[PDB]
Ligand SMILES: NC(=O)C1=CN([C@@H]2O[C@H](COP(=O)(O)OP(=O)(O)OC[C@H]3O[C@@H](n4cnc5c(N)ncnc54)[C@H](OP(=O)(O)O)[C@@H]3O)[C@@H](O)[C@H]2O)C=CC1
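Given as structure tokens, the chain that follows is alone and in the form solved without the named molecule.
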């Protein structure tokens, strides 16, 4: 029986144990995944220990994603850019591979929701860790362009230039947005507190698809805002959570498990 886990602090609200348990059963893998809470300043040791005992791989949640990036022996190109690591894996030679599946998890959720990323104009709102982690995977779907925005242009300007080589990535300030986008992606949390970014709603249209990384019962405030202005389809981030898990499972087992039944089940619990 192979050992996997999720390390974070706190862990009582983690859905990964549930999710992975089902992935193992769906793909008939002989593995166990548990949630292990770790002291704020003991991740490295807890980790080195886990692998010492025979740990195959694990997920890293807050607040250890940055320490995980340093703990990894080698990093994947997407973890590289992300600046964080949410997935660890012990290789054959003993090395620990650091990766980041959050962004790819978002990409797969979009595709699962039937959203065409190929040749699309994308507006990414926010420039924090969340936004940073999803740029590369989006660019791999070969969109027409990606527009990054932040309340403070400077930080949005850094991020757009970080991936300028990978494609048409523009950086603009809230005040400069004056056109519609095919896909609007919200990576900011302000909305959970009722706050909306001061952006002209012209960004939304009848052909627009809105994706919010936040999630909850019914629709997120950002999505409701998106529909007040004619947004065609609005998706929350619950699928991103299952998607990132699916990609990690992929990395460890070599098979992408189905996410549809699991998502639908987590959806019930929330409601």
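Numbering follows the first chain given and starts at 1. We call the rigid core whatever largest set of C-alpha positions still superposes within 1.5 Å between the two forms.
There is another form of the same protein, the form deposited with the named molecule bound; it is not shown, and what comes next is about it.
- Message: Within 4.5 angstroms, counting heavy atoms, which one of the listed stretches 68-76, 104-112, 122-130, 139-147 is next to the named molecule in the entry with it bound?
- Response: Only one stretch passes the 4.5 Å heavy-atom test: 122-130.
- residue 213 near the named molecule in the entry with it bound, any heavy atom under 4.5 Å? The answer is yes: residue 213 has a heavy atom within 4.5 Å of the named molecule.
- Could you confirm whether residue 197 comes within 4.5 Å of the named molecule in the entry with it bound, counting heavy atoms only? Close contact exists here: in the entry with it bound, residue 197 approaches the named molecule to within 4.5 Å, heavy atoms only.
- Item | Heavy atom of residue 158 within 4.5 Å of the named molecule in the entry with it bound | Residue 158: no contact with the named molecule in the entry with it bound.
- Message: in the entry with it bound, does residue 80 come within 4.5 Å of the named molecule, counting heavy atoms only?
- Response: Residue-level check for residue 80: no, no contact with the named molecule.
- Query: Can you pick the one in 190, 162, 97, 173 that has a heavy atom within 4.5 Å of the named molecule in the entry with it bound?
  - Reply: Contact check passes for 190.
- Item | Of 164, 154, 91, 192, the one whose Cα moves 2 Å or more between this form and the one not shown after core superposition | Per the superposition, the moving residue is 192.
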